[PDB]
Structures are given as C-alpha cells and as structure tokens.
C-alpha cells in the first residue's frame, strides 16, 4: 500500500525506534494497562483502564529496513523499551473473553497485526497465521474490566500520540 501511519502531529510513526500511546478517540480518559484474566496470578491481558491516561506506550516493529510504518505492513506491537521482548502482544483464546490480547516474552520475525485507517483514527487488526483475513480488535467487558480482544466489526479506534512526555 501507499498509506503511511501517522501520529497526532502528522509525523510518520517510526519502525521500533520511538514509543507511542494508543489513545482511544472516544475514551481519551482511559489508557492501556495489564490485568489478570482467567485464574492467572500475573497480569498478562491488555485492558483499557479508566485510571491510567495515557497508559502504557507501545512500539510498532517490522523487519523491513525502513524507518516508517505503512498500513500494509505486518507488525509486532510491544510494551517496554526497544531492547526488551518481554512485552510483545499476541492473541490467545481465553474463556470467557474470547480471542484476548495478551503479552508474551517471545516474538516472531513478522508479527500478526496491522494498523489500518478507521474513522478519525486507526484500528488494530489481527491476522491469524498472517493470512488474508483480519479480525478487528475491540473491547470485551468482563470482571469489571474492558479487555482488548477480537470483536470483528466493532473496533476500538485510536489515535497515535508520540511518547515524548517520558
């Protein structure tokens, strides 16, 4: 594709080097955080938490040796610094959420996400097996939390803010 992903200042989003907040377009009062899911003792699920704004910043990574991100590129999304792979996103079946966004400490060369234009911002789309069919990431309300999870046709729409406040 031609379409370059841009931040809230209109600047191309960097390939891994800079961090960004995923700021929901109608939930700017809330931000990404980790929470417990199922019977797990460690918080490994990604939620939109009304107590954290702007929330945990992310980096977008492609193996391509380019310094910008296109909507067409398969991406890894991760929390933490460039040097760490302990915050890498994946999508995992977990009742009763469904296909939940969770953090891994392992990473494929080519991740399973794309960042696609939607409305006034972007949505995150998950491509099982890096195929042709994408599933929108939205919100699933369970146990008083708003989990990021597959909700095809009901995406959570984000703008992308460079994390220069840190």
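Positions refer to the first chain, counted from 1. Take the two forms, superpose them, and find the largest set of C-alpha atoms that agree within 1.5 Å; that set is the rigid core.
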Looking at C-alpha RMS in 4 other deposited structures of this protein with the core superposed, is it 21-29 or 7-15 that drifts more?
-> 21-29
Would you mind working out which of 33-41 and 114-122 sits farther from this form in 4 other deposited structures of this protein by RMS C-alpha distance, with the rigid core as the fit?
-> 33-41
Between 72-80 and 89-97 (mean CA B-factor, as deposited), the higher = 89-97
Between 141-149 and 154-162, which has the higher average C-alpha B-factor in the PDB entry?
-> 141-149
Candidate residues 134, 112, 63, 31, the one whose C-alpha B factor the record puts highest | 134
Reading the B-factor column of the entry, which of 123, 130, 51, 59 has the highest value at its C-alpha atom?
-> 51
Relative to the other modelled residues of the same chain, rank the CA B-factor of residue 16 and answer lowest, middle or highest third.
-> middle
Ordered by C-alpha B-factor within the chain, which third holds residue 46? Give me lowest, middle or highest, please.
-> lowest
